[PDB]
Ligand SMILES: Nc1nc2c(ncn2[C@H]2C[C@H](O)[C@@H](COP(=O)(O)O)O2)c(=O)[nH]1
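First, one chain by itself: the form solved without 2'-deoxyguanosine-5'-monophosphate (DGP), in structure tokens.
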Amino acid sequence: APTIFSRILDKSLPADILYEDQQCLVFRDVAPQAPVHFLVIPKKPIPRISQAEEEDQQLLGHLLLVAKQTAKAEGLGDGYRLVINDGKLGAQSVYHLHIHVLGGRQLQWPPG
């Protein structure tokens, strides 16, 4: 059961790719919820953060470092929010691990 992210990864679905390496891919959200809204995904198709395991420690740290690097590259110096959704109550849309990065507006509280 590959998710739609398999098409972003294999480039069969065009996307605005901000960053790519052997471990991960970064691309703009199809439906931005802020002036800047992008996703950091692992190439390893970890379905959800609840299903990450000890072996994924280095990859998970790499995803946060790529998120904060890309946030700087996208001019989010006045701040931003990183979001990971798990499961139904999380509103997880796609069952491939992704970090949302939202900036360029005041994010409110609570976070949904």
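Note that residue numbering follows the sequence shown and begins at 1.
Mean C-alpha B-factor is higher over 29-37 than over the other stretch, the pair under comparison being 60-68 and 29-37. Ranked by C-alpha B-factor against the other modelled residues of its chain, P47 falls in the middle third. In the PDB entry, a CA B factor belonging to the lowest third of its chain's modelled residues is recorded for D86.
The protein also exists as the form deposited with 2'-deoxyguanosine-5'-monophosphate (DGP) bound; that form is not presented, and the subsequent description refers to it.
Distance criterion of 4.5 Å from any heavy atom to 2'-deoxyguanosine-5'-monophosphate (DGP) in the entry with it bound singles out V30 from the list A73, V30, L60, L82. For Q23, no non-hydrogen atom is located within 4.5 Å of 2'-deoxyguanosine-5'-monophosphate (DGP) in the entry with it bound, even though that partner is not displayed.
With a 4.5 Å cutoff on heavy atoms, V66 does not count as touching 2'-deoxyguanosine-5'-monophosphate (DGP) in the entry with it bound; it lies far away. Interface membership of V40, defined by any non-hydrogen atom within 4.5 Å of 2'-deoxyguanosine-5'-monophosphate (DGP) in the entry with it bound, is ruled out.
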